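Participant: Protein chains in written order, with the authors' numbering: chain A, 740 to 743; chain B, 789 to 877, 886 to 1034; chain C, 1113 to 1223; chain D, 753 to 788; chain E, 1084 to 1133; chain F, 1084 to 1223; chain G, 1 to 52, 52A, 53 to 82, 82A to 82C, 83 to 100, 100A to 100E, 101 to 110.
Built from N, CA and C at the ideal position, the CB exists for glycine as well.
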């Protein structure tokens, strides 16, 4: 899922 | 004439559930295995590191295999040259001969353990079914055979665009027969001979291609090497 | 050089009417699929003006009103809404081979 | 927080296609820019 | 045993990469590699493990 | 364990020696080695337990398709035939040039006039163009 | 802002070698070859030649190839055409025009000079  | 070679690039990737291989769920053995728990940790570490190196070797190879540009490939490609290597849009006739002639044990990744279950034949004798007895897991290949075929057809489509200098930049896309004549000028055959004997060149080359249909026996050394690579993977598991 | 001819020598149409011009080449001018046909426009007191080129019906100085068509030896110009400010001499130009000659042309008129 | 993982297919970049032709001329692909 | 086999496969894969860039994508003038008859076009197909 | 590691290091050191004599001290024409962009100058620095290489490569962009010919000949005299050296004969799309054909380099698109410096004389072939007027090498 | 300023018309007597000039303005003159055209009637026009303004290479229509020659003055952004041995059959309107490529590999005559004449 879209990185931090 | 045609000569052939087989170059191995990978090992079948496996992992081992160390605890299950040593002991099949017994509580008395598990209490004892706590004393040796670091040995299973080291076995898992080493196998995992080996599997990463296999996958990286594959990606590094295919990064060099890919071309930036190619021709489309149709039936009738190559003109006077027959070319049974052409895709049946697939793999190829030669690949299907090679995969069928070698005695390959049935792959997993398809339903696998369900063919070792009671919902399947009584004659199954696969190493797939020995996996859950011993705690093996054979891992999948990192490519997919369709993607491997896409890379392979991309190499075939780059042939005869690499003449006339460079080939790492411009892509010439010229007629295949003409590129062969250009390669024959490159080994010191004069163009006068090449101009006159075009039909004879095509006939001799197609005879040399026709000889490949008898090359999938163990008297062919390259074929024998492919069979032994498969045998070695099975041998380690057994 | 390839000879270009055109017909009819003059054409009269009513205002707002479609009009066409036929153009014929003595030998085909297609080489490598390119066609090389340009059309030009001239009025009295003016230089010739480029209208269109082989793949550019719009562009090359005009709106899509000037529609070039055809291939090989046969070409045409097609204009669907003619006005009195389209009355001009019109010419086929060959860009394919030296010495780049071009047709005698036709005259558009209004009824 | 970030949510669930996403199943994806590995992309395959198709190389640029150039049509092979018969006759006395051919199509050529050539670079117009570059970087070191 | 597996660590040894894995390393030998990696070295063999490096040889495969070199042959694709010298015999498949170009005409070779070196001899040595390939069948011994100078060299003209070579081809690659997929095999079990290689 | 140490004997195995020592032997693999010796084999790896032999590879390093070959790269210094083909990529550092000379331009490579082989491809394969180095970053894939042909090859121009490479450099070496010291690393922990080994050598660290840097390879400068030349990477293409913005490719276009153009019409090209295998070679050109005099239509009046079949023995006068030429073929481009390290480049291609392309149909002219540049407004400086007043000729049907132009010369360009192999790695970079840029039209130029066809002159004796860019070409070589060859035997005639059926795919060569039959040029009826303006050829400067040979002028005849 | 492209311009092609031809030199003014003249009733030149026969046997003169006649030079006509055309001056480019508002664009880089050395990037475009100049075409020259002769117009004897509303329906009779013919190409005369083309002059590269970068390299000086020329082509001429074969009928004028031993009469007409072309040259440049790069410092004044100007091209010249000089026609040897004038006769009454050369009384005509003359033009200069800029080479262009709106369509790939197709010559176009783009912007034209305003017209000059010789008689």
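Determine whether the Cβ of residue 71 (chain G) lies closer than 8 Å to any Cβ atom of chain F.
Facilitator: Answer no: the Cβ-Cβ gap between residue 71 (chain G) and chain F never drops below 8 Å.
Participant: Per the DSSP calculation, residue 10 (chain G) is bridged to which residue(s)?
Facilitator: In DSSP, residue 10 (chain G) forms a bridge with G:109.
Participant: For residue 849 (chain B), which of helix, strand or coil comes out of DSSP?
Facilitator: Of the three classes helix, strand and coil, the one that applies to residue 849 (chain B) here is helix, per DSSP.
Participant: Starting from residue 970 (chain B) and walking both ways along the alpha helix (DSSP H), at which residues does that stretch end?
Facilitator: From DSSP, residue 970 (chain B) is part of no alpha helix (DSSP H); its letter is neither H nor E.
Participant: In the DSSP assignment, what residue or residues form a beta bridge with residue 1138 (chain F)?
Facilitator: BP columns for residue 1138 (chain F) point to F:1125.
Participant: Are the segment 839-851 of chain B and the segment 1084-1097 of chain E touching by the rule of at least three beta carbon pairs closer than 8 Å?
Facilitator: The segment 839-851 of chain B vs the segment 1084-1097 of chain E: in contact.
Participant: Take the Cβ of residue 41 (chain G) as the centre, count every other Cβ of all protein chains shown within 10 Å, and call the residue buried at 16 or more, exposed below.
Facilitator: Burial call: exposed.
Participant: Assuming the contact rule is C-beta atoms closer than 8 Å, residue 1159 (chain C) and residue 106 (chain G) should be a hit. Round their C-beta distance to whole Å, please.
Facilitator: With a Cβ gap of about 6 Å, residue 1159 (chain C) and residue 106 (chain G) count as contacting.
Participant: Is the shortest distance between the beta-carbon of residue 1089 (chain F) and the beta-carbons of chain B less than 8 Å?
Facilitator: No, residue 1089 (chain F) does not count as interfacial toward chain B.
Participant: In terms of residues, what are the limits of the beta strand (DSSP E) holding residue 1149 (chain C)?
Facilitator: First-last of the beta strand (DSSP E) with residue 1149 (chain C): 1149-1154.
Participant: Below 8 Å, can you find three or more Cβ-Cβ pairs linking the segment 819-834 of chain B to the segment 1117-1136 of chain C?
Facilitator: With a cut-off of 8 Å, the segment 1117-1136 of chain C and the segment 819-834 of chain B do not count as touching, because too few Cβ pairs lie within range.
Participant: Check residue 61 (chain G) in the structure and name its three-state DSSP category.
Facilitator: Note: residue 61 (chain G) maps to helix in three-state DSSP.
Participant: Would you kindly work out how many angstroms separate the C-alpha atoms of residue 855 (chain B) and residue 921 (chain B), rounded to a whole number?
Facilitator: Looking at the two C-alpha atoms, the distance is approximately 42 Å.
Participant: Under the three-state reduction of DSSP, which class applies to residue 875 (chain B): helix, strand or coil?
Facilitator: Of the three classes helix, strand and coil, the one that applies to residue 875 (chain B) here is coil, per DSSP.
Participant: According to DSSP, which residues form a beta bridge with residue 35 (chain G)?
Facilitator: Note: residue 35 (chain G) sits in a beta bridge opposite G:50, G:93.
Participant: The beta strand (DSSP E) spanning residue 1190 (chain F) covers which residue range?
Facilitator: It is not in any beta strand (DSSP E) - residue 1190 (chain F) carries neither H nor E in the DSSP assignment.
Participant: Give the residues of chain E in contact with residue 858 (chain B), contact being defined as C-beta atoms less than 9 Å apart.
Facilitator: Result: empty, since nearest Cβ-Cβ is about 12 Å, beyond 9 Å.
Participant: Grab the span of the beta strand (DSSP E) containing residue 1117 (chain C) for me, first residue to last.
Facilitator: Residues 1116-1119.
Participant: Please state the DSSP three-state secondary structure of residue 836 (chain B).
Facilitator: Here residue 836 (chain B) sits in helix by DSSP.
Participant: In chain F, which residues lie less than 8 Å from residue 1100 (chain E) when you measure between Cβ atoms?
Facilitator: Those within 8 Å of residue 1100 (chain E) in chain F are 1115.
Participant: Measure how close the beta-carbons of residue 931 (chain B) and residue 805 (chain B) come, nearest whole angstrom, since I'm counting them as under 8 Å.
Facilitator: Confirmed, about 4 Å.
Participant: Could you pull the DSSP bridge partners for residue 913 (chain B) from this structure?
Facilitator: DSSP, once it has assigned bridges, lists no residue as partnering residue 913 (chain B).
Participant: Using the rule of at least 16 other Cβ atoms within 10 Å of the residue's Cβ for burial, across every protein chain shown, is residue 758 (chain D) buried or exposed?
Facilitator: Under this definition residue 758 (chain D) is an exposed residue.
Participant: When Cβ atoms are compared, which residues of the segment 1183-1207 of chain F fall closer than 7 Å to chain B?
Facilitator: Result list: 1189, 1190, 1206.
Participant: If you compare alpha carbons, which of F:1206, F:1133, F:1152, F:1142 is closest to residue 1143 (chain C)?
Facilitator: It is F:1152 whose Cα lies nearest to the Cα of residue 1143 (chain C).
Participant: Does DSSP classify residue 1177 (chain C) as helix, strand or coil?
Facilitator: In the structure shown, residue 1177 (chain C) sits in coil (DSSP, three-state: anything other than H, G, I, E or B).
Participant: As a quick exercise: from F:1205, F:1173, F:1114, F:1104, pick the residue whose alpha carbon is nearest that of residue 962 (chain B).
Facilitator: Comparing Cα positions, the closest option is F:1114.
Participant: Within its chain, find whatever has a CB closer than 7 Å to the CB of residue 1168 (chain F); leave out the 5 residues flanking it on each side and keep chain order.
Facilitator: Cβ neighbours of residue 1168 (chain F) beyond the five flanking positions: 1201, 1202, 1203.
Participant: How do the segment 1156-1176 of chain F and the segment 1191-1198 of chain F stand: do at least 3 beta-carbon pairs fall below 8 Å, yes or no?
Facilitator: Flag = yes, the segment 1156-1176 of chain F and the segment 1191-1198 of chain F touch.
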